[PDB]
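In what follows, every chain begins at residue 1, and chains take the letters A, B, ... in the order their sequences are listed. Just so it is clear, the values below take in all heavy atoms, side chains as well, and ignore hydrogens, waters and symmetry mates.
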Amino acid sequence: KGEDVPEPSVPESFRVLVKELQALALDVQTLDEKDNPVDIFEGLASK
Amino acid sequence: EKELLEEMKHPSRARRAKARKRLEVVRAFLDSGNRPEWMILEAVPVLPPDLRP
Amino acid sequence: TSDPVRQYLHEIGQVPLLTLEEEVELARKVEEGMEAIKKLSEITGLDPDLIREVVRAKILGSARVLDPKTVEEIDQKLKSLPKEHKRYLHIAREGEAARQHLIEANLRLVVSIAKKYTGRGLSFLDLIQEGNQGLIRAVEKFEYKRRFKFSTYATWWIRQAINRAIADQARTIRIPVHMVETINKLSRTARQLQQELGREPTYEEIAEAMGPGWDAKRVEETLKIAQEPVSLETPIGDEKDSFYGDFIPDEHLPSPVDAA
DNA sequence: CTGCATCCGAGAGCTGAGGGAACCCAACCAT
DNA sequence: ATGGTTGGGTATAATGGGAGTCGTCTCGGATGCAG
């Protein structure tokens with residue numbers, strides 16, 4: 001369309017890594033500056 | 001932790017090293033808030049199917 | 001320490017075998033314990049299976065984890081019953097103990113039968129466990145009044161359990177038992193036809209050799225559904241760097257061109 | 001009681017390219 | 001209302017498995033020896 005490319009996002013391989021670490025019963029959680037959880041899965045994996 | 005801290009006063013160097021090694025794990029659990037019994041599994045997680053296609 | 005087969009063999013070998021007197025004695029005990037269970041069920045008016053479970057729980061003891069409260073309430077709900085018609089409960093306890101002994105003593109026949117079923121998709125220990133299940137069923141159903149030896153009735157149940165487990169669990173994609181039998185019959189027929197012809201038979205020859213209701217197309221479908229999936233981790237090439245799944249493209253998610 | 005001393009086991013060894021075996025019988029949900 | 005699927009059954013006697021692998025190097029627990 002002639003514009004410039006946007007800013008990138010989280011790669012899918014890191015999501016695969018997080019899921020594979022959860023399968024080993026390890027809780028991997030991404031946090032912001034205030035130590036609060038940051039959901040990298042866009043609310044598609046939260047009950 | 002109190003017992004191991006008391007043990008860490010022995011003149012023996014090997015005893016002190018063993019107490020320190022146990023204290024490392026004890027203090028890691030105490031600091032993290034993890035429960036030791038969580039090292040035994042009751043429910044086994046199952047990977048999403050698209051990653052085991 | 002390791003090699004669980006040796007550990008299991010050692011634990012089974014620690015239990016001595018049985019003579020005719022002991023085997024017939026235990027079988028008679030089991031039968032009278034079941035009859036006593038039914039008599040006590042009639043006396044109290046309750047369901048027989050639940051009282052059977054209370055007897056089993058009391059024999060197995062606290063060591064084995066229906067809850068302690070319920071079983072305790074019914075346990076004292078039975079102690080209240082007066083003499084002469086109480087023996088039944090003791091006979092039931094004895095019979096359940098006899099059942100446990102009988103199974104423990106006949107565990108070795110399960111191994112003897114199961115040792116000739118290796119290489120069909122189930123490990124040795126799984127076959128042994130399924131044979132143990134069949135042995136428990138045979139113990140429950142055994143009738144000593146017919147004067148037959150226990151192993152004669154036990155072998156059939158052990159074989160049935162092993163065969164059913166093999167048909168049920170050997171494949172990643174589950175295939176029904178009748179279809180599994182059809183596949184086995186097809187393979188055996190093809191092997192006999194190859195032995196006779198001196199070469200791999202064609203599908204029409206196999207269809208003719210199966211009987212009425214079989215054409216080459218049906219044989220083709222049966223061979224198609226009998227194919228087992230391959231591993232995504234199958235190594236390609238000599239070096240340990242290339243897997244099969246590395247050569248499979250994703251056809252589900254839209255491509256950048258498609259999204260645009 | 002300590003210490004050191006072999007002893008055992010566990011975790012490694014460059015990138016890129018190309019490489020592919022029983023049978024039968026009867027009831028019961030699904031379509 | 002039909003096929004496909006599933007649970008149950010067989011009664012001389014049977015009673016402890018089987019493939020395998022010896023041509024590598026370095027470092028941190030540990031049992032064993034002495035004092």
Undergrad: Would you please confirm or rule out a distance under 4.0 Å between OP1 or OP2 of E:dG17 and any side-chain N or O of C:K115?
TA: yes
Undergrad: Let's see if you can work this out: which of E:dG4, E:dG17, E:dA11 has an atom nearest to the side-chain heavy atoms of C:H178?
TA: E:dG4
Undergrad: Does C:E32 pair with C:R93 as a salt bridge, N-O distance under 4.0 Å?
TA: no
Undergrad: Sugar of E:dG9: specify north or south by the sign of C1'-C2'-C3'-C4'.
TA: north
Undergrad: Distance check, P atoms only: E:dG20 and D:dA12, in whole angstrom units.
TA: 27 Å
Undergrad: Hey, are C:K38 and C:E35 close enough for a salt bridge, meaning a charged N less than 4.0 Å from a carboxylate O?
TA: no
Undergrad: Return the nearest nucleotide to the side chain of C:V111; candidates are D:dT2, E:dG16, E:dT6.
TA: E:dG16
Undergrad: Is C:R218 positioned over the aromatic face of C:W214, cation under 6.0 angstrom from the ring centre and no more than 45 degrees off axis?
TA: yes
Undergrad: Please measure how far the P atom in E:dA11 lies from the corresponding atom in D:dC24, and state the result in whole Å.
TA: 15 Å
Undergrad: Hey, does the side chain of C:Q14 reach the backbone of C:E11 with a donor-acceptor pair shorter than 3.5 angstrom?
TA: no
Undergrad: Please report the distance separating the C1' of E:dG4 from the corresponding atom of D:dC25, rounded so that it comes out in whole Å.
TA: 16 Å
Undergrad: Using 30° and 60° as the class boundaries, would you call the ring planes of C:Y153 and C:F142 parallel, tilted or perpendicular?
TA: tilted
Undergrad: Examine the six-membered rings in the bases of D:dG18 and D:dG19 and report whether their centres are under 5.5 angstrom apart and their planes under 30 degrees.
TA: yes
Undergrad: Could you state the atom-to-atom distance from CD1 of C:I113 to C1' of E:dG17 in whole Å?
TA: 16 Å
Undergrad: Return the pairing partner of E:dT15 with a 3.5 Å limit on both distances, Watson-Crick or G-U wobble; otherwise return none.
TA: none
Undergrad: With both distances kept under 3.5 Å, what pairs with E:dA30, Watson-Crick or G-U wobble?
TA: D:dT6
Undergrad: Looking at every strand, decide which applies to C:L17 at a 4.0 Å heavy-atom threshold: base, sugar-phosphate, or nothing.
TA: base
Undergrad: Determine the Euclidean distance between corresponding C1' atoms of D:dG13 and E:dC25; express it in Å to zero decimal places.
TA: 9 Å
Undergrad: Please classify the sugar of D:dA17 as north or south using the torsion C1'-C2'-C3'-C4'.
TA: north
Undergrad: Where the side chain of C:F148 is concerned, which of E:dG16, E:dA14, E:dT12 is the nearest nucleotide?
TA: E:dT12
Undergrad: Regarding E:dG8, can its base be found pairing with the side chain of C:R137 as donor and acceptor, where the two atoms are less than 3.5 Å apart?
TA: no
Undergrad: Will you find, in the side chains of C:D67 and C:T70, an N or O donor that is under 3.5 Å from an N or O acceptor?
TA: yes
Undergrad: From CZ of B:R22 over to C1' of E:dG29, roughly how many Å is that when rounded to an integer?
TA: 16 Å
Undergrad: Give the nucleotide from the list E:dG17, E:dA11, E:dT6 with an atom nearest to the side chain of C:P176.
TA: E:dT6
Undergrad: Taking only heavy atoms on the protein side, list every residue of residues 209-235 of chain C lying under 4.0 Å from any atom of DNA chain E, sorted numerically.
TA: none
Undergrad: Is a side-chain donor-acceptor pair under 3.5 Å present for C:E94 with C:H90?
TA: no
Undergrad: Just wondering, more than 12 heavy atoms not from C:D238 lying within 6.0 Å of its CG?
TA: no
Undergrad: In whole angstrom, what separates C:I128's CD1 from E:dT15's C1'?
TA: 12 Å
Undergrad: Does atom CZ of C:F247 have more than 12 heavy-atom neighbours, drawn from other residues, nucleotides or ligands, at distances under 6.0 Å?
TA: yes
Undergrad: Counting only heavy atoms not in B:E24, do more than 12 fall under 6.0 Å of its CD?
TA: yes
Undergrad: Using a heavy-atom cut-off of 4.0 Å across all strands, would you classify C:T152 as base, sugar-phosphate, or nothing?
TA: base
Undergrad: Verify the distance criterion only: is there a donor paired with an acceptor across the side chains of C:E72 and C:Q76 at less than 3.5 Å?
TA: yes
Undergrad: Can you check the distance between D:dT31 and E:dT6, where both ends of the measurement are the P atom (answer in whole Å)?
TA: 12 Å
Undergrad: Taking a pair as Watson-Crick or G-U wobble with both distances under 3.5 Å, which nucleotide is matched to D:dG11?
TA: E:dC25
Undergrad: For atom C1', what is the distance between E:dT2 and D:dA27, given to the nearest Å?
TA: 15 Å
Undergrad: So what does C:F142 hit on the nucleic acid, given a heavy-atom distance under 4.0 Å: a base, only sugar-phosphate, or nothing?
TA: base
Undergrad: Measuring from B:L4:CG to B:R16:CZ, what's the distance to the nearest 0.5 Å?
TA: 14.5 Å
Undergrad: Between C:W157 and E:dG9, is there a side-chain N or O to OP1/OP2 distance below 4.0 Å?
TA: no
Undergrad: Heavy atoms under 4.0 Å is the rule here; annotate nucleotides 13-21 of chain D 5' to 3' with B where the base is hit, S where only the sugar-phosphate is, and - elsewhere.
TA: -----BBBB
Undergrad: Give me syn or anti for D:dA21, where syn covers glycosidic angles within 90 degrees of 0.
TA: syn
Undergrad: Positive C1'-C2'-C3'-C4' means north, negative means south, so call it for the sugar of E:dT12.
TA: south
Undergrad: Using atom P in both nucleotides, what's the gap between D:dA17 and E:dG18 to the nearest angstrom?
TA: 48 Å
Undergrad: Stacking check, if you would: do E:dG18 and E:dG17 have six-membered base rings whose centres lie under 5.5 Å apart and whose planes meet at under 30 degrees?
TA: yes
Undergrad: Of the nucleotides E:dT10, E:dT15, E:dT5, which has the atom closest to the C:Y153 side chain?
TA: E:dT10
Undergrad: Could you check whether the six-membered base rings of E:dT6 and E:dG7, which sit next to each other in the strand, have centres less than 5.5 Å apart and planes tilted by under 30 degrees?
TA: yes
Undergrad: Quick check: on DNA chain E, is the nucleotide nearest C:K141 upstream (toward 5') of the one nearest C:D3, or the reverse? Name the residue that is more 5'.
TA: C:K141
Undergrad: Which part of the nucleic acid, if any, lies within contact of C:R174, taking any heavy atom under 4.0 Å across all strands shown: a base, the sugar-phosphate backbone alone, or nothing?
TA: sugar-phosphate
Undergrad: What is the distance, rounded to the nearest whole Å, between atom CZ of C:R146 and atom P of E:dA13?
TA: 13 Å
Undergrad: Is C:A154 touching bases, backbone alone, or none of the nucleic acid, heavy atoms closer than 4.0 Å?
TA: nothing
Undergrad: D:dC1 pairs with which nucleotide, Watson-Crick or G-U wobble, both distances below 3.5 Å?
TA: E:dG35
Undergrad: Taking atom P in both E:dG23 and D:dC8, compute the distance separating them and give it to the nearest angstrom.
TA: 15 Å
Undergrad: In terms of the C1'-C2'-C3'-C4' torsion, is D:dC29 a north or a south sugar?
TA: south
Undergrad: Should the sugar of E:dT2 be assigned to the north (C3'-endo side) or south (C2'-endo side) class according to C1'-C2'-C3'-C4'?
TA: south
Undergrad: Does NZ or CZ of A:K19 fall inside the cone over A:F41's six-membered ring, less than 6.0 Å from its centre and within 45° of the axis?
TA: yes
